[PDB]
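Participant: Structure file upload_3.json, JSON, C-alpha atoms, is pasted below:
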```
[["chain", "number", "residue", "atom", "x", "y", "z"],
["A", 187, "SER", "CA", -7.39, -52.28, 49.23],
["A", 188, "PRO", "CA", -7.13, -48.56, 48.26],
["A", 189, "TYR", "CA", -7.92, -47.72, 51.90],
["A", 190, "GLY", "CA", -6.73, -51.06, 53.26],
["A", 191, "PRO", "CA", -4.04, -51.42, 55.93],
["A", 192, "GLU", "CA", -1.19, -51.86, 53.44],
["A", 193, "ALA", "CA", -2.10, -48.58, 51.73],
["A", 194, "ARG", "CA", -2.51, -46.96, 55.15],
["A", 195, "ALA", "CA", 0.90, -48.18, 56.28],
["A", 196, "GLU", "CA", 2.42, -46.75, 53.10],
["A", 197, "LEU", "CA", 0.78, -43.37, 53.72],
["A", 198, "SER", "CA", 2.18, -43.37, 57.27],
["A", 199, "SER", "CA", 5.66, -44.37, 56.10],
["A", 200, "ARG", "CA", 5.77, -41.47, 53.61],
["A", 201, "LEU", "CA", 4.33, -38.89, 56.00],
["A", 202, "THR", "CA", 6.58, -39.97, 58.91],
["A", 203, "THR", "CA", 9.75, -39.52, 56.82],
["A", 204, "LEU", "CA", 8.44, -36.07, 55.91],
["A", 205, "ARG", "CA", 7.85, -35.28, 59.60],
["A", 206, "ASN", "CA", 11.38, -36.33, 60.56],
["A", 207, "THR", "CA", 12.93, -34.31, 57.71],
["A", 208, "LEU", "CA", 11.04, -31.14, 58.64],
["A", 209, "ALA", "CA", 12.15, -31.25, 62.30],
["A", 210, "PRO", "CA", 13.60, -27.78, 63.04],
["A", 211, "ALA", "CA", 17.33, -27.59, 63.42],
["A", 212, "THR", "CA", 18.80, -24.81, 65.54],
["A", 213, "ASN", "CA", 18.57, -21.48, 63.71],
["A", 214, "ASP", "CA", 16.87, -23.41, 60.89],
["A", 215, "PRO", "CA", 16.73, -21.39, 57.62],
["A", 216, "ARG", "CA", 13.36, -22.99, 56.78],
["A", 217, "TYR", "CA", 11.77, -21.57, 59.95],
["A", 218, "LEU", "CA", 10.97, -18.13, 61.31],
["A", 219, "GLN", "CA", 13.33, -17.10, 64.11],
["A", 220, "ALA", "CA", 12.47, -14.97, 67.13],
["A", 221, "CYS", "CA", 13.89, -11.46, 67.34],
["A", 222, "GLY", "CA", 15.89, -10.13, 70.26],
["A", 223, "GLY", "CA", 14.36, -12.14, 73.09],
["A", 224, "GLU", "CA", 10.60, -12.16, 72.56],
["A", 225, "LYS", "CA", 9.23, -15.66, 72.68],
["A", 226, "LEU", "CA", 7.81, -16.50, 69.25],
["A", 227, "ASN", "CA", 6.94, -20.20, 69.30],
["A", 228, "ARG", "CA", 4.35, -21.26, 71.90],
["A", 229, "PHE", "CA", 6.05, -24.67, 71.74],
["A", 230, "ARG", "CA", 9.80, -24.62, 71.12],
["A", 231, "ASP", "CA", 9.73, -27.57, 68.72],
["A", 232, "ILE", "CA", 6.65, -26.41, 66.72],
["A", 233, "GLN", "CA", 7.88, -23.69, 64.37],
["A", 234, "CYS", "CA", 6.59, -21.47, 61.59],
["A", 235, "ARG", "CA", 7.75, -22.00, 57.99],
["A", 236, "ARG", "CA", 9.52, -18.84, 56.89],
["A", 237, "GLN", "CA", 8.47, -18.95, 53.21],
["A", 238, "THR", "CA", 4.78, -18.82, 54.18],
["A", 239, "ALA", "CA", 4.85, -16.75, 57.37],
["A", 240, "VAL", "CA", 2.13, -14.10, 57.62],
["A", 241, "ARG", "CA", 4.00, -11.70, 59.97],
["A", 242, "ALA", "CA", 7.56, -11.48, 61.30],
["A", 243, "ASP", "CA", 6.44, -11.76, 64.94],
["A", 244, "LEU", "CA", 3.67, -14.37, 64.73],
["A", 245, "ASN", "CA", 3.72, -18.16, 64.53],
["A", 246, "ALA", "CA", 1.21, -18.22, 61.65],
["A", 247, "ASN", "CA", 1.30, -19.44, 58.04],
["A", 248, "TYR", "CA", -0.47, -19.01, 54.75],
["A", 249, "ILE", "CA", -1.74, -22.47, 53.82],
["A", 250, "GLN", "CA", -2.77, -23.50, 50.32],
["A", 251, "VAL", "CA", -4.01, -27.07, 49.92],
["A", 252, "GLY", "CA", -4.82, -27.54, 46.28],
["A", 253, "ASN", "CA", -7.11, -24.54, 45.77],
["A", 254, "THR", "CA", -8.12, -23.89, 49.41],
["A", 255, "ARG", "CA", -6.39, -20.89, 51.03],
["A", 256, "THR", "CA", -6.38, -20.46, 54.82],
["A", 257, "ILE", "CA", -4.15, -19.23, 57.63],
["A", 258, "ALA", "CA", -3.08, -21.69, 60.32],
["A", 259, "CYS", "CA", -1.49, -20.31, 63.49],
["A", 260, "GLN", "CA", -0.77, -21.06, 67.13],
["A", 261, "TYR", "CA", -2.90, -19.60, 69.87],
["A", 262, "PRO", "CA", -1.34, -16.12, 70.07],
["A", 263, "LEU", "CA", 0.84, -15.40, 73.08],
["A", 264, "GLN", "CA", -0.13, -12.51, 75.33],
["A", 265, "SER", "CA", 2.68, -10.42, 73.85],
["A", 266, "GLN", "CA", 1.46, -11.29, 70.32],
["A", 267, "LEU", "CA", -2.15, -10.09, 70.67],
["A", 268, "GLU", "CA", -1.68, -6.65, 69.09],
["A", 269, "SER", "CA", 0.12, -8.18, 66.12],
["A", 270, "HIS", "CA", -2.48, -10.99, 65.98],
["A", 271, "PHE", "CA", -5.40, -8.52, 65.69],
["A", 272, "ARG", "CA", -3.53, -6.58, 62.99],
["A", 273, "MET", "CA", -3.21, -9.80, 61.00],
["A", 274, "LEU", "CA", -6.91, -10.50, 61.54],
["A", 275, "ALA", "CA", -7.99, -7.05, 60.37],
["A", 276, "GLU", "CA", -5.53, -6.81, 57.45],
["A", 277, "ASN", "CA", -6.77, -10.19, 56.21],
["A", 278, "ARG", "CA", -10.38, -8.91, 56.37],
["A", 279, "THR", "CA", -10.78, -12.30, 58.05],
["A", 280, "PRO", "CA", -14.07, -13.90, 56.96],
["A", 281, "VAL", "CA", -14.00, -16.36, 59.86],
["A", 282, "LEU", "CA", -11.75, -17.07, 62.84],
["A", 283, "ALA", "CA", -12.07, -20.68, 63.97],
["A", 284, "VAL", "CA", -10.74, -21.22, 67.51],
["A", 285, "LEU", "CA", -10.45, -24.93, 68.33],
["A", 286, "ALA", "CA", -8.83, -24.56, 71.76],
["A", 287, "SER", "CA", -11.32, -25.62, 74.42],
["A", 288, "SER", "CA", -12.82, -23.44, 77.14],
["A", 289, "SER", "CA", -10.95, -25.58, 79.70],
["A", 290, "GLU", "CA", -7.54, -24.94, 78.11],
["A", 291, "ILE", "CA", -8.13, -21.18, 77.81],
["A", 292, "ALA", "CA", -9.30, -21.04, 81.43],
["A", 293, "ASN", "CA", -6.15, -22.85, 82.65],
["A", 294, "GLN", "CA", -3.79, -19.98, 83.37],
["A", 295, "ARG", "CA", -0.79, -22.32, 83.39],
["A", 296, "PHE", "CA", -1.31, -22.46, 79.61],
["A", 297, "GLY", "CA", -0.84, -18.72, 78.92],
["A", 298, "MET", "CA", -3.78, -18.66, 76.46],
["A", 299, "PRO", "CA", -5.31, -15.16, 76.68],
["A", 300, "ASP", "CA", -9.13, -14.99, 76.49],
["A", 301, "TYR", "CA", -8.91, -12.60, 73.57],
["A", 302, "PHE", "CA", -12.13, -13.34, 71.67],
["A", 303, "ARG", "CA", -14.71, -13.83, 74.46],
["A", 304, "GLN", "CA", -13.86, -10.54, 76.22],
["A", 305, "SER", "CA", -13.60, -6.95, 75.15],
["A", 306, "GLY", "CA", -10.06, -5.67, 75.55],
["A", 307, "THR", "CA", -7.42, -3.15, 74.53],
["A", 308, "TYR", "CA", -4.08, -4.15, 72.98],
["A", 309, "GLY", "CA", -1.71, -1.29, 72.32],
["A", 310, "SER", "CA", -3.40, 0.98, 69.82],
["A", 311, "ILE", "CA", -6.00, -1.70, 69.04],
["A", 312, "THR", "CA", -9.36, -1.88, 70.81],
["A", 313, "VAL", "CA", -11.45, -5.04, 70.53],
["A", 314, "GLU", "CA", -15.16, -5.46, 71.28],
["A", 315, "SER", "CA", -16.49, -8.99, 71.57],
["A", 316, "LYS", "CA", -20.19, -9.80, 71.21],
["A", 317, "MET", "CA", -21.53, -13.32, 71.58],
["A", 318, "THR", "CA", -23.97, -14.29, 68.85],
["A", 319, "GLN", "CA", -25.47, -17.73, 68.39],
["A", 320, "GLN", "CA", -24.55, -21.20, 69.71],
["A", 321, "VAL", "CA", -24.63, -24.37, 67.60],
["A", 322, "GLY", "CA", -24.31, -28.09, 68.28],
["A", 323, "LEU", "CA", -22.15, -30.08, 65.86],
["A", 324, "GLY", "CA", -23.01, -33.60, 67.01],
["A", 325, "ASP", "CA", -21.51, -36.00, 69.57],
["A", 326, "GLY", "CA", -21.90, -33.30, 72.21],
["A", 327, "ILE", "CA", -19.40, -31.00, 70.49],
["A", 328, "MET", "CA", -20.49, -27.38, 70.88],
["A", 329, "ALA", "CA", -19.65, -24.16, 69.04],
["A", 330, "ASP", "CA", -20.05, -20.62, 70.34],
["A", 331, "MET", "CA", -20.12, -17.78, 67.80],
["A", 332, "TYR", "CA", -18.84, -14.28, 68.43],
["A", 333, "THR", "CA", -18.13, -11.23, 66.33],
["A", 334, "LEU", "CA", -14.96, -9.33, 67.20],
["A", 335, "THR", "CA", -14.93, -5.64, 66.24],
["A", 336, "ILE", "CA", -11.31, -4.53, 65.77],
["A", 337, "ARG", "CA", -10.83, -0.75, 65.99],
["A", 338, "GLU", "CA", -7.68, 1.34, 65.76],
["A", 339, "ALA", "CA", -7.31, 5.09, 65.41],
["A", 340, "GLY", "CA", -6.97, 6.01, 61.75],
["A", 341, "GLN", "CA", -7.55, 2.41, 60.62],
["A", 342, "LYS", "CA", -10.66, 0.91, 59.06],
["A", 343, "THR", "CA", -12.85, -0.91, 61.59],
["A", 344, "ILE", "CA", -13.03, -4.64, 60.79],
["A", 345, "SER", "CA", -15.52, -7.12, 62.29],
["A", 346, "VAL", "CA", -14.56, -10.81, 62.34],
["A", 347, "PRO", "CA", -16.98, -13.74, 62.84],
["A", 348, "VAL", "CA", -15.62, -16.24, 65.36],
["A", 349, "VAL", "CA", -16.46, -19.92, 65.53],
["A", 350, "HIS", "CA", -15.22, -21.24, 68.89],
["A", 351, "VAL", "CA", -15.49, -25.00, 69.32],
["A", 352, "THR", "CA", -15.67, -25.22, 73.09],
["A", 353, "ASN", "CA", -14.90, -28.88, 73.88],
["A", 354, "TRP", "CA", -12.60, -30.48, 71.32],
["A", 355, "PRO", "CA", -9.96, -31.91, 73.69],
["A", 356, "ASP", "CA", -6.27, -31.56, 72.87],
["A", 357, "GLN", "CA", -4.66, -34.49, 71.05],
["A", 358, "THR", "CA", -7.93, -36.10, 70.01],
["A", 359, "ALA", "CA", -9.84, -36.34, 66.76],
["A", 360, "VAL", "CA", -13.51, -35.44, 66.81],
["A", 361, "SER", "CA", -15.53, -37.76, 64.61],
["A", 362, "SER", "CA", -15.57, -37.52, 60.82],
["A", 363, "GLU", "CA", -19.28, -36.64, 61.05],
["A", 364, "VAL", "CA", -18.50, -33.80, 63.49],
["A", 365, "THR", "CA", -15.53, -32.72, 61.34],
["A", 366, "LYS", "CA", -17.71, -32.49, 58.23],
["A", 367, "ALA", "CA", -20.30, -30.43, 60.16],
["A", 368, "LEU", "CA", -17.64, -28.06, 61.56],
["A", 369, "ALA", "CA", -16.05, -27.52, 58.14],
["A", 370, "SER", "CA", -19.51, -26.70, 56.73],
["A", 371, "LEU", "CA", -20.20, -24.17, 59.48],
["A", 372, "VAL", "CA", -16.81, -22.48, 59.11],
["A", 373, "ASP", "CA", -17.11, -22.35, 55.31],
["A", 374, "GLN", "CA", -20.67, -20.99, 55.44],
["A", 375, "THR", "CA", -19.66, -18.36, 58.04],
["A", 376, "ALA", "CA", -16.79, -17.28, 55.78],
["A", 377, "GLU", "CA", -18.98, -17.19, 52.65],
["A", 378, "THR", "CA", -21.54, -14.96, 54.37],
["A", 379, "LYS", "CA", -18.80, -12.54, 55.44],
["A", 380, "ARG", "CA", -17.09, -12.58, 52.03],
["A", 381, "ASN", "CA", -20.46, -11.87, 50.40],
["A", 382, "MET", "CA", -20.86, -8.76, 52.57],
["A", 383, "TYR", "CA", -17.48, -7.39, 51.41],
["A", 384, "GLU", "CA", -18.34, -8.29, 47.82],
["A", 385, "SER", "CA", -21.72, -6.54, 48.05],
["A", 386, "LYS", "CA", -19.87, -3.36, 49.07],
["A", 387, "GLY", "CA", -17.33, -3.56, 46.22],
["A", 388, "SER", "CA", -14.39, -4.56, 48.43],
["A", 389, "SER", "CA", -11.13, -4.88, 46.50],
["A", 390, "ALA", "CA", -9.97, -7.51, 49.04],
["A", 391, "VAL", "CA", -12.22, -9.95, 47.14],
["A", 392, "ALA", "CA", -9.64, -10.31, 44.33],
["A", 393, "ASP", "CA", -6.54, -10.64, 46.58],
["A", 394, "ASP", "CA", -5.42, -14.22, 47.22],
["A", 395, "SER", "CA", -3.56, -13.26, 50.40],
["A", 396, "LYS", "CA", -6.82, -11.93, 51.89],
["A", 397, "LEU", "CA", -10.26, -13.14, 52.97],
["A", 398, "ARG", "CA", -8.66, -16.32, 54.26],
["A", 399, "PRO", "CA", -10.18, -18.29, 57.13],
["A", 400, "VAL", "CA", -7.89, -18.11, 60.17],
["A", 401, "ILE", "CA", -7.80, -21.29, 62.23],
["A", 402, "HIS", "CA", -5.96, -22.12, 65.41],
["A", 403, "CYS", "CA", -6.08, -24.53, 68.34],
["A", 404, "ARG", "CA", -3.30, -24.56, 70.91],
["A", 405, "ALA", "CA", -0.24, -25.20, 68.75],
["A", 406, "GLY", "CA", -2.09, -24.91, 65.44],
["A", 407, "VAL", "CA", -0.99, -28.35, 64.22],
["A", 408, "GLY", "CA", -3.37, -30.98, 65.61],
["A", 409, "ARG", "CA", -7.01, -30.01, 65.58],
["A", 410, "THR", "CA", -6.28, -27.11, 63.19],
["A", 411, "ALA", "CA", -4.81, -29.49, 60.60],
["A", 412, "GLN", "CA", -7.78, -31.87, 60.82],
["A", 413, "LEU", "CA", -10.18, -28.98, 60.18],
["A", 414, "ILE", "CA", -8.14, -27.62, 57.24],
["A", 415, "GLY", "CA", -7.97, -31.09, 55.72],
["A", 416, "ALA", "CA", -11.75, -31.34, 55.90],
["A", 417, "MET", "CA", -12.25, -27.84, 54.51],
["A", 418, "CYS", "CA", -9.89, -28.82, 51.69],
["A", 419, "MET", "CA", -12.06, -31.83, 50.92],
["A", 420, "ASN", "CA", -15.18, -29.61, 50.96],
["A", 421, "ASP", "CA", -13.82, -27.55, 48.03],
["A", 422, "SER", "CA", -15.06, -29.19, 44.82],
["A", 423, "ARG", "CA", -12.10, -27.66, 42.95],
["A", 424, "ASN", "CA", -9.81, -30.05, 44.89],
["A", 425, "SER", "CA", -10.99, -33.14, 43.01],
["A", 426, "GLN", "CA", -8.34, -35.94, 42.87],
["A", 427, "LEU", "CA", -5.96, -34.35, 45.41],
["A", 428, "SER", "CA", -4.68, -37.27, 47.49],
["A", 429, "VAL", "CA", -4.42, -37.45, 51.29],
["A", 430, "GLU", "CA", -0.62, -37.74, 50.97],
["A", 431, "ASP", "CA", -0.53, -34.45, 49.04],
["A", 432, "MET", "CA", -2.87, -32.52, 51.38],
["A", 433, "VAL", "CA", -0.88, -33.40, 54.48],
["A", 434, "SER", "CA", 2.49, -32.95, 52.74],
["A", 435, "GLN", "CA", 1.38, -29.50, 51.63],
["A", 436, "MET", "CA", 0.26, -28.56, 55.13],
["A", 437, "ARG", "CA", 3.53, -29.88, 56.51],
["A", 438, "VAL", "CA", 5.82, -28.09, 54.01],
["A", 439, "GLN", "CA", 3.85, -24.86, 54.47],
["A", 440, "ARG", "CA", 3.72, -24.87, 58.30],
["A", 441, "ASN", "CA", 5.82, -27.54, 60.06],
["A", 442, "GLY", "CA", 6.19, -31.32, 60.12],
["A", 443, "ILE", "CA", 3.69, -31.75, 62.96],
["A", 444, "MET", "CA", 0.58, -30.80, 60.94],
["A", 445, "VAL", "CA", -1.84, -33.66, 61.58],
["A", 446, "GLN", "CA", -0.30, -34.48, 64.94],
["A", 447, "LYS", "CA", -2.12, -37.63, 66.06],
["A", 448, "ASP", "CA", -2.71, -40.82, 64.11],
["A", 449, "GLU", "CA", -6.40, -40.55, 65.08],
["A", 450, "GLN", "CA", -6.62, -37.19, 63.29],
["A", 451, "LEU", "CA", -5.12, -38.67, 60.13],
["A", 452, "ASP", "CA", -7.66, -41.50, 60.44],
["A", 453, "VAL", "CA", -10.51, -39.01, 60.17],
["A", 454, "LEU", "CA", -8.90, -37.53, 57.08],
["A", 455, "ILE", "CA", -8.51, -41.03, 55.64],
["A", 456, "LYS", "CA", -12.15, -41.77, 56.47],
["A", 457, "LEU", "CA", -13.48, -38.59, 54.84],
["A", 458, "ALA", "CA", -11.33, -39.27, 51.76],
["A", 459, "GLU", "CA", -12.62, -42.85, 51.57],
["A", 460, "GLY", "CA", -16.18, -41.53, 51.71],
["A", 461, "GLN", "CA", -15.36, -39.35, 48.68],
["A", 462, "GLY", "CA", -13.39, -41.95, 46.74],
["A", 463, "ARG", "CA", -10.42, -39.59, 47.13],
["A", 464, "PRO", "CA", -7.00, -41.31, 46.82],
["A", 465, "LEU", "CA", -4.76, -41.85, 49.83],
["A", 466, "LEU", "CA", -1.48, -42.10, 47.90],
["A", 467, "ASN", "CA", 0.19, -40.46, 44.91],
["A", 468, "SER", "CA", 0.53, -42.47, 41.65]]
```
Could you render the structure from this file as C-alpha cells?

Facilitator:
Amino acid sequence: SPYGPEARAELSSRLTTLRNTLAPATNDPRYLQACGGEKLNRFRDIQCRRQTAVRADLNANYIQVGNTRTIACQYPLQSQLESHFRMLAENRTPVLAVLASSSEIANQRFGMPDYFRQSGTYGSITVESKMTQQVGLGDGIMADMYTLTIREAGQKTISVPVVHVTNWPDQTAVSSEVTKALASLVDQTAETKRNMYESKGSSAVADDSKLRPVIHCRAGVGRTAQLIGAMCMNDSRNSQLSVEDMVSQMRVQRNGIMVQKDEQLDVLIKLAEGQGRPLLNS
C-alpha cells in the first residue's frame, strides 16, 4: 500500500506535473542561456538551471538532495572541454563518474569527445589519463577506473579518480542491485580522495561548493539521476527524505527531465522500499 500502485500513480502524477512546468520556454529566465553563438546545451530541450549552474559556459549544476552534494552535468561538448577540466580541478573533484557507454563515446555522430581515456591538451590545460583497476558491478555491468592528472601553467596540479561504467545503455535502468553497488564504489572512491586532501590539511574540505562528486552520462538526466538518487539514499543523514522530494529537488536544481525513464524511477522506488523510505510527502 505505501509502495502499491495507487501510491506509485500518485508519485507519477506529481512528478509529471513538475516535469511539464519546468519545460524550458524560449529565453527562459530559469535556465542558463548560451552566449554569442557557442552551443551550450548538448540537447536543445535539456537545459541547465541558472540558480545552480557551476560555470557560465557549461551545462552543469550543483545538486543538493537532502544533505548529499554533487554536480550533475551533460557530457561536455568538444568546445567545452577546457572549461570542463577547469570545473573538475577547481572542485578538487573526489570522483568523476562517467555513465556514458564505450559504444556511445566511440560513435562519432554523437560528438562525445574521449576526454578521460586519452591524454590530451585543451587550451592551456594538459590532461594525462592513466587506467587503473577494473571492477564488475553485477549483471555484466563493468566499470573502468582512471586517474586524470589536470595540469596548467601556474595552476595547482589536480588528479581526479574516474569511474567509467562502460555498458549502461542509454534510456535504461540498470538493476537496483547494480545501482547500489555503483553508488558504493563511487562513494568509496570519493571518500578515499577526500581523505587524501584532508590528510594534507586541504582547506577545500570545509567548502560546501567543493569536493563534490561529478556525474554525467550523455545528457546528464537519465542514468546520472538514477545514480544520484541512489547516492542520496546511501547517505544516512538523509533519513525520511521521500522519493517525491529527492526527484523534485533534482528537477528544480537541474531540469524537469531528471529521472528520464519510468524504469529509472522504478529502481529508485525499489531502493526506497527496501529502506522503508517514503514515496510521497505527508

Participant: Quick one: residues within 9 Å of (-1.2, -20.1, 59.1) (file frame), counting all atoms listed in the file, please, as a PyMOL selection string.

Facilitator: chain A and resi 234+238-240+245-249+256-260+400-402+406+439-440

Participant: What is the CA of residue 422 (chain A)-CA of residue 454 (chain A) distance in Å, reported with one decimal?

Facilitator: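 Rounded to one decimal, the two atoms are 16.1 Å apart.
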
Participant: So what do you get for CA of residue 461 (chain A) versus CA of residue 449 (chain A), distance-wise?

Facilitator: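 Spanning CA of residue 461 (chain A) to CA of residue 449 (chain A) is a straight-line distance of 18.7 Å.
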
Participant: Skip region 297-310 of chain A itself and residues of its chain fewer than 3 positions away, then list as a list in words all residues within 6 Å of it, counting all atoms listed in the file.

Facilitator: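 Using all atoms listed in the file, the neighbours found are residues 264, 268, 291, 294, 313, 314, 315 and 338 of chain A.
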
Participant: Skip residue 230 (chain A) itself and residues of its chain fewer than 4 positions away, then list as JSON, numbers by chain all residues within 10 Å of it, counting all atoms listed in the file.

Facilitator: {"A": [210, 225, 226]}

Participant: May I have the selected residues written with C-alpha atoms, as an mmCIF file, in the coordinates of the input?

Facilitator:
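Writing done, so here's again-v4.cif:
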```cif
data_model
loop_
_atom_site.group_PDB
_atom_site.id
_atom_site.type_symbol
_atom_site.label_atom_id
_atom_site.label_comp_id
_atom_site.auth_asym_id
_atom_site.auth_seq_id
_atom_site.Cartn_x
_atom_site.Cartn_y
_atom_site.Cartn_z
ATOM 1 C CA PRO A 210 13.600 -27.780 63.040
ATOM 2 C CA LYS A 225 9.230 -15.660 72.680
ATOM 3 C CA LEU A 226 7.810 -16.500 69.250
#
```

Participant: Go through A:224, A:394, A:373, A:430 one by one, measure the shortest atom-to-atom distance of each to residue 250 (chain A) using all atoms listed in the file, and give the residue with the smallest value.

Facilitator: A:394

Participant: Please, what distance in Å, to one decimal, runs between CA of residue 453 (chain A) and CA of residue 207 (chain A)?

Facilitator: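 Separation of CA of residue 453 (chain A) and CA of residue 207 (chain A): 24.0 Å.
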
Participant: Between A:296, A:383, A:332, A:189, which one has atoms that come closest to residue 348 (chain A), using only C-alpha atoms?

Facilitator: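 Of A:296, A:383, A:332, A:189, the one nearest residue 348 (chain A) is A:332, counting only C-alpha atoms.
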
Participant: Between A:214, A:356, A:243, A:325, which is the closest to residue 287 (chain A) once you count only C-alpha atoms?

Facilitator: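 Nearest candidate to residue 287 (chain A) out of A:214, A:356, A:243, A:325: A:356.
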
Participant: Using only C-alpha atoms for the distances, tell me which of A:390, A:339, A:419, A:292 is nearest to residue 365 (chain A).

Facilitator: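 Under the stated criterion, the closest residue is A:419.
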
Participant: Mind listing whatever residues come within 10 Å of the point (-9.1, -41.8, 51.2)? Use all atoms listed in the file, file coordinates, and give them as a list in words.

Facilitator: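 The residues near that point, listed by chain and number, are residues 188, 189, 190, 193, 194, 427, 428, 429, 430, 452, 453, 454, 455, 456, 457, 458, 459, 460, 461, 462, 463, 464, 465 and 466 of chain A.
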
Participant: Could you save the residues just selected, with C-alpha atoms, as a compact mmCIF listing (two decimals), in the frame of the given file?

Facilitator:
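selection-v4.txt written:
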```txt
# COMPACT_ATOMS: atom_id res chain seq x y z
CA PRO A 188 -7.13 -48.56 48.26
CA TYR A 189 -7.92 -47.72 51.90
CA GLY A 190 -6.73 -51.06 53.26
CA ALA A 193 -2.10 -48.58 51.73
CA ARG A 194 -2.51 -46.96 55.15
CA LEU A 427 -5.96 -34.35 45.41
CA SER A 428 -4.68 -37.27 47.49
CA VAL A 429 -4.42 -37.45 51.29
CA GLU A 430 -0.62 -37.74 50.97
CA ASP A 452 -7.66 -41.50 60.44
CA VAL A 453 -10.51 -39.01 60.17
CA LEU A 454 -8.90 -37.53 57.08
CA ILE A 455 -8.51 -41.03 55.64
CA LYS A 456 -12.15 -41.77 56.47
CA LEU A 457 -13.48 -38.59 54.84
CA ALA A 458 -11.33 -39.27 51.76
CA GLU A 459 -12.62 -42.85 51.57
CA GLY A 460 -16.18 -41.53 51.71
CA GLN A 461 -15.36 -39.35 48.68
CA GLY A 462 -13.39 -41.95 46.74
CA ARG A 463 -10.42 -39.59 47.13
CA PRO A 464 -7.00 -41.31 46.82
CA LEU A 465 -4.76 -41.85 49.83
CA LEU A 466 -1.48 -42.10 47.90
```
